[PDB]
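Asks: Chains as they are written, first to last, in the deposited numbering: chain A, 229 to 276; chain B, 35 to 264; chain C, 35 to 264; chain D, 77 to 255; chain E, 77 to 255; chain F, 58 to 171.
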Amino acid sequence: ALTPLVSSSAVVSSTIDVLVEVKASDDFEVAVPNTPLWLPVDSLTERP
Amino acid sequence: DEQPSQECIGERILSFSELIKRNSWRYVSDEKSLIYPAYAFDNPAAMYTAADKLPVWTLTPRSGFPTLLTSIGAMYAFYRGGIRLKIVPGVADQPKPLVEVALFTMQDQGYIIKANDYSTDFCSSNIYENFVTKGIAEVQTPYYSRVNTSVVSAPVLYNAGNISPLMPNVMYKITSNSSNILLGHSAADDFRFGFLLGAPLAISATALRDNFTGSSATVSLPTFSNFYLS
Amino acid sequence: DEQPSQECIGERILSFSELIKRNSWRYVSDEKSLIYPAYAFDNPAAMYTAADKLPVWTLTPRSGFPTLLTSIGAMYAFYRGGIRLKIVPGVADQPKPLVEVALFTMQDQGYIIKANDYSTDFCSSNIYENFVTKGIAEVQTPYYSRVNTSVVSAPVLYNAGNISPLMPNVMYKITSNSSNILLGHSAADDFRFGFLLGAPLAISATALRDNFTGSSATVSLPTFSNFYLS
Amino acid sequence: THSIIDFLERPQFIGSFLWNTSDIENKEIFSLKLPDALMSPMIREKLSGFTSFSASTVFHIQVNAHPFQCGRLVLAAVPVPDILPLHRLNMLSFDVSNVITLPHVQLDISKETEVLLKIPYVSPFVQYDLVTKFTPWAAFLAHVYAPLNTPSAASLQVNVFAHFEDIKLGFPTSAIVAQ
Amino acid sequence: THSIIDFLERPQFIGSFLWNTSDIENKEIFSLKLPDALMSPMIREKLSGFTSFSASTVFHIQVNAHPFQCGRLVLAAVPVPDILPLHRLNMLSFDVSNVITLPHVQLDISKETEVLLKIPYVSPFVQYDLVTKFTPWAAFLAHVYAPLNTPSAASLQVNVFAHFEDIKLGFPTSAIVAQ
Amino acid sequence: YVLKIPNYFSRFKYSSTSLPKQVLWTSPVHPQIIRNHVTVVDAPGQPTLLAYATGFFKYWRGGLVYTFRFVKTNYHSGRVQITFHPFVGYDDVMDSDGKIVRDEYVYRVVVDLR
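#1: Using a Cβ-Cβ distance under 8 Å, would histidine 142 of chain F count as near chain E?
#2: Which residues share a DSSP beta bridge with residue 265 of chain B?
#3: Thinking C-beta only, is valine 135 of chain B closer than 8 Å to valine 173 of chain B?
#4: Return the CA-CA distance between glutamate 161 of chain F and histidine 94 of chain F, expressed in angstroms with no decimal places.
#5: Going by the DSSP bridge assignment, what does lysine 168 of chain B pair with across the sheet?
#6: Relative to chain D, which residues along the region 111-128 of chain E have a C-beta separation below 7 Å, given in chain order?
#7: Under the rule that 16 or more other beta-carbon atoms within 10 Å means buried, what is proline 227 of chain D, buried or exposed?
#8: Across the region 109-121 of chain D and the region 139-150 of chain D, are there enough close Cβ pairs to call them in contact, namely three or more that are closer than 8 Å?
#9: Give a yes or no on whether the C-beta atoms belonging to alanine 236 of chain B and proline 104 of chain F are separated by under 8 Å.
#10: In the structure shown, what three-state DSSP assignment does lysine 122 of chain E receive?
#11: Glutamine 89 of chain F versus chain B: which residues are under 9 Å apart at the beta carbon?
#12: I'd like to know whether the C-beta of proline 264 of chain A is nearer than 8 Å to at least one C-beta of chain F.
#13: Does any residue of chain C bring its CB to less than 8 Å from the CB of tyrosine 65 of chain F?
#14: Going by beta carbon distance, what residues of the same chain come within less than 7 Å of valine 134 of chain D, once the five residues before and after it are set aside?
#15: Quick check on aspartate 155 of chain B: does DSSP put it in helix, strand or coil?
#16: Go ahead and pull the three-state DSSP assignment for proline 117 of chain E.
#17: Excluding the 5 residues flanking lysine 130 of chain B on each side, which residues of the same chain have their C-beta closer than 6 Å to its C-beta?
#18: From what residue to what residue does the alpha helix (DSSP H) around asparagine 96 of chain D run?
#19: Closest to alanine 239 of chain B by CA distance: which of B/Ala80, B/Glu52, B/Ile43 is it?
#20: Whole angstroms is fine: what's the gap from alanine 152 of chain E's alpha carbon to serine 173 of chain E's?
#21: Using the Cα positions of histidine 78 of chain D and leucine 217 of chain E, report the straight-line distance between them to the nearest angstrom.
#22: Quick check on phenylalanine 156 of chain C - is its C-beta less than 8 Å from some C-beta in chain A?
#23: Excluding the 5 residues flanking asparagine 214 of chain C on each side, which residues of the same chain have their C-beta closer than 8 Å to its C-beta?
#24: So, with DSSP's three-state summary, where would you put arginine 180 of chain C?
#25: Would you say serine 73 of chain F lies against chain H (beta-carbon separation less than 8 Å)?
#26: Around the C-beta of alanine 149 of chain C, are 16 or more other C-beta atoms found within 10 angstroms, so that it is buried, or is it exposed?
#27: For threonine 111 of chain F, which of helix, strand or coil comes out of DSSP?
#28: Counting only beta-carbon separations shorter than 8 Å, does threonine 139 of chain C have a partner in chain A?
#29: Near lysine 209 of chain E, what residues of its chain come up, given a Cβ to Cβ distance below 7 Å and the 5 sequence neighbours on each side ignored?
#30: Is the region 172-191 of chain E close to the region 122-132 of chain E, with three or more CB pairs under 8 Å?
#31: In terms of alpha-carbon separation, which member of E/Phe83, E/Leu178, E/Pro111, E/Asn140 lies closest to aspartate 158 of chain E?
#32: How big is the Cα-Cα spacing for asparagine 64 of chain F and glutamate 101 of chain E?
#33: Would you tell me roughly how many angstroms separate the C-alpha atoms of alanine 188 of chain C and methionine 201 of chain C, rounded to the nearest one?
#34: Since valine 236 of chain E sits in a beta bridge, which residues does DSSP pair it with?
#35: If we define contact as Cβ-Cβ less than 8 Å, is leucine 245 of chain E a contact residue for chain D?
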């Protein structure tokens with residue numbers, strides 16, 4: 229931050245959410261495919 | 035710049051289409067004669083726990099374990115095209131070395147794994163491969179679908195039998211003379227996935243060796259090592 | 035004048051590049067299922083003595099014995115490119131004649147030999163060869179490196195695991211059904227060594243049969259003869 | 077006008093080293109690590125704010141012998157010292173011949189007052205990691221080839237000067253120059 | 077490629093300064109000396125090895141007021157502060173009008189979120205003496221023109237950013253950057 | 058196609074509280090971005106799409122497109138600097154007070170919220 233988020237507490241919340249998304253750039257590359265790090269399932273649950 | 039990929043890797047990969055032509059293992063059976071549901075793309079149901087003296091993770095496969103194929107497929111809603119099938123033997127039975135894979139289409143039969151009972155399904159597409167001479171059995175499977183667009187892991191139903199439109203209404207009948215057999219599949223040449231959704235429900239794989247509850251890691255996967263040594 | 039070479043030898047050799055494509059033997063194992071560190075290029079540590087009733091020389095291999103490959107490599111600092119791998123069996127197991135070599139990449143695993151424990155490393159690059167029908171297993175291995183220039187016999191560290199940049203972060207998982215197995219390697223087509231340093235630390239080979247201390251020559255090498263007859 | 081490079085191209089006095097009658101064949105006069113040996117405050121200041129860098133490296137060795145003193149040095153280079161298989165590193169301290177095989181240059185004090193050597197950046201890493209400080213990419217070393225041969229015992233100062241060339245800097249950063 | 081200048085041209089955060097309702101006409105928010113205020117380690121490092129330097133100087137002032145707050149600042153410049161006849165220096169703290177006469181720019185928070193000012197090097201000396209440190213050649217100052225006018229008392233952060241331009245370096249030296 | 062699909066992976070808050078140079082948010086720059094399972098609470102967690110995909114390989118390289126959305130009205134006003142610090146971890150970017158360190162030395166991206 230550089231400045232506090234100065235606002236009129238009189239009519240607006242003095243705190244706000246900031247959302248962050250990511251995607252890959254153009255130059256993005258991967259390689260060496262093998263056993264994956266992740267493994268997919270049809271459901272996940274606690275054991276009895 | 036495609037320099038790094040040529041200087042270090044020696045290849046460069048651009049679509050999962052490329053990847054899913056690599057054959058990965060799916061499921062194991064003890065049945066000499068088995069009915070397998072080719073276009074089943076489900077994955078196991080998982081169970082986690084923190085409590086002492088309990089195996090941390092546990093996996094209930096409905097139709098098999100995650101292949102590259104299914105692992106990828108999870109991301110998409112639809113599929114079309116055909117698939118390949120690879121088969122490995124516990125036993126190279128010198129005097130009965132043969133394998134039959136046959137096209138199985140019985141209408142009433144249910145679309146999940148089951149041992150062969152039918153003795154009366156004459157005149158079907160039969161491929162034969164010799165376990166002794168050619169170590170592995172290799173097969174290709176037409177999409178043979180009632181529709182142009184099928185669904186990833188379609189919820190099968192009790193008497194969806196083998197005529198659900200949401201898949202190709204076709205299964206494998208595999209009759210070997212190895213007690214134990216190891217199944218794997220990649221996608222065929224013409225195969226394609228459709229309508230990307232997001233990440234699928236998933237958990238670390240490297241994590242499946244967790245045993246911090248003292249109770250040792252039980253859950254194993256169908257790999258060659260695990261199969262061939264029993 | 036290239037006359038002599040044509041009149042007597044029948045060939046004429048100009049670079050070690052030529053030589054290191056010849057497959058030489060490296061190491062032996064008793065493990066049906068083994069994890070080998072492909073790009074290990076170390077050689078044994080040696081011990082000499084003059085005292086009576088002691089074997090003169092003795093050799094402690096960390097990752098194997100000198101192949102042409104490593105023997106040469108010792109002269110250079112760096113390497114790049116891929117390698118070949120040849121495998122020989124104690125046992126042509128008729129009913130389980132198969133070999134798996136698979137690409138092994140587990141991040142935490144350590145970059146030195148160890149017997150396979152993991153049962154949960156699904157969907158990896160797997161090659162299969164049939165020991166019965168094709169006597170030997172033959173394989174090629176991509177450089178698959180994180181960098182364009184790797185180091186001859188990089189000092190591995192306790193948890194350098196399998197992600198050290200100074201090598202390709204890749205190993206072999208070899209699952210056979212021969213109790214005993216003999217490993218060998220040559221360099222691949224694209225392989226190259228770099229930055230010549232001088233002679234490496236070395237000792238006469240013919241000398242390894244020394245027994246002047248009375249105590250007979252113990253130290254043997256992985257050759258075919260030595261393997262096949264046990 | 078002036079620029080960062082100009083500084084790294086500046087030739088620094090690195091050290092004076094003793095070499096005396098008693099020193100014998102393959103006796104090491106010095107063994108200096110790249111880039112460590114050049115990392116003077118001057119350099120560090122200007123390299124500050126950058127993740128890493130690579131360069132070729134120039135080495136002037138200076139030896140002011142007088143007419144009646146004969147002797148002979150090697151100056152050689154060796155890569156990535158930190159991670160070379162020990163047997164190599166040893167072979168060097170063992171036998172001068174395993175230095176003569178290297179990238180080197182000989183110096184004969186009777187003839188020459190000086191000689192140079194240039195060493196390119198060579199490594200798996202594309203630059204010297206200035207934060208991780210991961211492996212100095214080479215090292216110069218001066219073993220005695222033929223020992224200093226005065227009638228009566230005496231000793232001589234081997235000076236070293238050096239700078240970079242063909243310089244390349246990494247992305248800039250709030251990370252700090254490795255101590 | 078990179079060069080010393082590039083660093084001095086880099087715009088630094090110089091300070092955040094409080095300005096609140098109570099602050100009154102001609103109340104000084106800050107008074108920053110050139111070059112002192114910009115002499116961060118980063119700069120000092122790169123300026124090391126040089127007798128002196130001169131430059132124009134860019135000043136961004138940042139004030140994130142919200143719609144219902146009105147107020148007004150001056151940002152002005154003044155030369156060679158250290159040696160100006162006192163009465164001048166005083167006249168500035170005395171009366172905002174003697175700042176309005178200066179080289180300055182006004183800022184109205186309701187309209188503008190920011191404003192700049194550039195200041196050339198101006199001095200008897202041709203450069204800032206980096207060893208003698210003899211007279212900072214100017215100083216920026218921000219007096220309040222029209223006080224912050226919220227209904228109920230409140231306060232606001234005045235940020236400052238700045239860098240050099242039109243840079244010129246002196247002969248290089250073993251003398252050290254004045255503390 | 059796939060890796061360029063946006064993965065929402067994190068949020069935070071900006072407020073009246075927040076102070077000059079106060080770090081508000083950090084992330085290491087890499088593709089293995091993860092979430093928490095809802096059902097249970099394992100350590101590994103639920104991978105983002107990106108992570109899941111990249112997960113099929115060992116090696117990666119390239120740049121990443123990060124996107125910030127400031128859910129606000131016009132009657133908010135403030136500035137924020139986004140900065141990237143290569144070769145340094147998220148503890149080391151802020152001093153003991155949670156104030157940013159040596160911002161001077163990098164790509165800086167000022168954002169006026171007016």
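No residue lacks a Cβ here, since even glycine has one placed at the ideal position from N, Cα and C.
Replies: Let's see:
#1: no
#2: This structure cannot settle anything about residue 265 of chain B, because the visible part of chain B is limited to 35 through 264.
#3: yes
#4: 39 Å
#5: Its beta-bridge partners do not exist; DSSP assigns none.
#6: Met118, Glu121, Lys122, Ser124, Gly125
#7: exposed
#8: no
#9: yes
#10: helix
#11: Simply none; closest approach about 11 Å.
#12: yes
#13: no
#14: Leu192, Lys194, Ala238, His239, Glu241
#15: coil
#16: helix
#17: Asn211
#18: Careful: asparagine 96 of chain D lies outside any alpha helix (DSSP H), inside the beta strand (DSSP E) at 88-96.
#19: B/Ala80
#20: 12 Å
#21: 32 Å
#22: yes
#23: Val62, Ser63, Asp64, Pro123, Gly124, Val125, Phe261, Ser264
#24: coil
#25: Checking the listed chains, one finds no chain H in this structure; the protein chains it contains are A, B, C, D, E and F.
#26: exposed
#27: helix
#28: yes
#29: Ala254
#30: no
#31: E/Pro111
#32: 51 Å
#33: 7 Å
#34: E/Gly91, E/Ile137
#35: yes
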